[PDB]
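Beneath this line is the structure, given in structure tokens, with notes to follow.
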Ligand SMILES: C[C@@H]1C[C@H](N)C[C@H](c2ccncc2NC(=O)c2ccc(F)c(-c3c(F)cccc3F)n2)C1
């Protein structure tokens, strides 16, 4: 049984993704997050190695499970008559990047560099494991405040990574690329790089650059805060209108703005513990 193994704590939040609760594993008192999703609300379904019908999210989290701590670990999962329940690792203390940015405003470039580098390492891990997240954004990034380590969450809009065109999308529209808005078509890696440009702008400006479809299509970036020329260049490159003009993960990590990154513990020491 599920509610014999886990002591349910308060509701953390709910939305399109389902309902997420704080929890504790009864046996060892390990902090967990308990995600409930109704079967009717799941459009994308996957197949487990031994042919079991499960939400894509379970397939994807299983593919990215390893010792690497840049992706939230799926500890267990359960099927109920009209729902699925996922048990996820829960760092303590933790804060999502959206709340962190709301609280602190625009981030110092040294902090934004450390955070962006860790999300690039996490997204490269997903891609290397054949997983495309499709909803990279501040709300889907968790900060392990004690360790200065960032974790990617919510693979509910994800898909298996492929080299052919995607014509389906259920991620966040203001992080979606102009090829999706205009043609309902995009390729995995270049669409991920566009969302990364949106995220980097969000970190250094304290808000997203585009709100309307017309602004995404135009792709003209206005800087509302003081941002270095090198950081502005990387953002504008990730936000290139033509998908083939966007940098690869290697070109982002070799960019001059990305050099001399702080270690996660140094990041926590300078920017989080203080
Ligand atoms: C209340 C959340 C708001 C987010 N901005 C989004 C979170 C989310 C959305 C969709 N699917 C799954 C998720 N959550 C998770 O997998 C998950 C896993 C481990 C965690 F430590 C947390 C968590 C959090 F994210 C914020 C505060 C406290 C937490 F425990 N969440 C729910």
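Residue numbers in this text run from 1 along the chain shown.
Just so you know, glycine gets a Cβ as well, placed from its N, Cα and C.
These features come from Swiss-Prot:
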{"type": "DOMAIN", "residues": "6-258", "note": "domain 'Protein kinase'"}
{"type": "BINDING", "residues": "12, 13, 14, 15, 16, 17, 18, 19, 20, 35, 89, 96", "note": "ATP binding site"}
{"type": "MOD_RES", "residues": "66", "note": "phosphoserine"}
{"type": "ACT_SITE", "residues": "135", "note": "active site, proton acceptor"}
{"type": "MOD_RES", "residues": "229", "note": "phosphoserine"}
| Which is it, of 89, 135: the one of these recorded positions whose Cβ has the most other Cβ atoms within 10 Å? | 135
| Among the ATP-binding set 12, 13, 14, 15, 16, 17, 18, 19, 20, 35, 89, 96, as the record gives it, the longest Cα-Cα distance in Å | 21
| remark: The binding-site residues listed are 14, 16, 18; by CA-CA distance, the one closest to residue 135 (active site, proton acceptor) is 16
| Between residue 18 (ATP binding site) and residue 229 (phosphoserine), how far is it from one CA atom to the other, in Å? | 41
| Of 12, 16, 20, 66, 135, 229, recorded positions neighbouring ligand 1, Cβ under 6 A | 12, 20
| query | Nearest to residue 66 (phosphoserine) in three-dimensional space, by Cα, is which of the binding-site residues 12, 14, 20, 89? | reply | 89
| query | If you count Cβ atoms within 10 Å of the Cβ of residue 16 (ATP binding site), leaving out that atom itself, what do you get? | reply | 10
| query | According to DSSP, does residue 16 (ATP binding site) fall in a helix, a strand, or coil? | reply | coil
| Nonlocal neighbours by CB distance (under 8 Å) for residue 20 (ATP binding site), same chain, sequence gap 6 or more | 11, 12, 13, 14, 33, 34, 35, 36
| In whole Å, how far is residue 16 (ATP binding site) from residue 229 (phosphoserine) when you measure between their Cα atoms? | 37
| remark: For residue 14 (ATP binding site), the number of neighbouring Cβ atoms whose distance to its own Cβ is within 10 Å equals 12
